[PDB]
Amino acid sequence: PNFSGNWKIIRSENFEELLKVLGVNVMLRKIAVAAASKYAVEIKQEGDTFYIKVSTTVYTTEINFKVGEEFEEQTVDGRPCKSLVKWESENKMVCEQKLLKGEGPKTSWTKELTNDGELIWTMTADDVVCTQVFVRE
């Protein structure tokens, strides 16, 4: 329940192979990998209500949602989707996404607070899972 806080990244991996699944170019993949490696996360949690600001060097994005309540966001490659977060356990939530227009890969993300005090974020596209690890700032 202590998801709230300021998180700085310490590990980011399998990122390029997630981007490959969609057709991101090698160059755009590489600069995406470097960008993804500077991510910062700001979380404000109030019960089942979440504000998450994730930012890189030149881009920042916010989401607000309630567990169980569909909301709108963007997949990895910017396609708008409706999303639904559910709890898996005390400190891990899973988010299913469904494309609002057309077809594409099945995408989903997770967030978890470990007992070591790490925030683990994963993002999935079909068979492929990226993972990022953060510590409190």
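Residue indices: 1-based, along the sequence shown.
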{"property": "Of 36-44 and 102-110, the stretch whose C-alpha atoms average the higher B-factor in the entry", "result": "102-110"}
{"property": "71-79 or 87-95, whichever carries the higher mean Cα B-factor", "result": "71-79"}
{"property": "From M123, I120, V21, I9, residue of greatest CA B-factor", "result": "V21"}
{"property": "Lowest, middle or highest third - CA B-factor, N2", "result": "highest"}
{"property": "CA B-factor ranking of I31, expressed as a third of its chain", "result": "middle"}
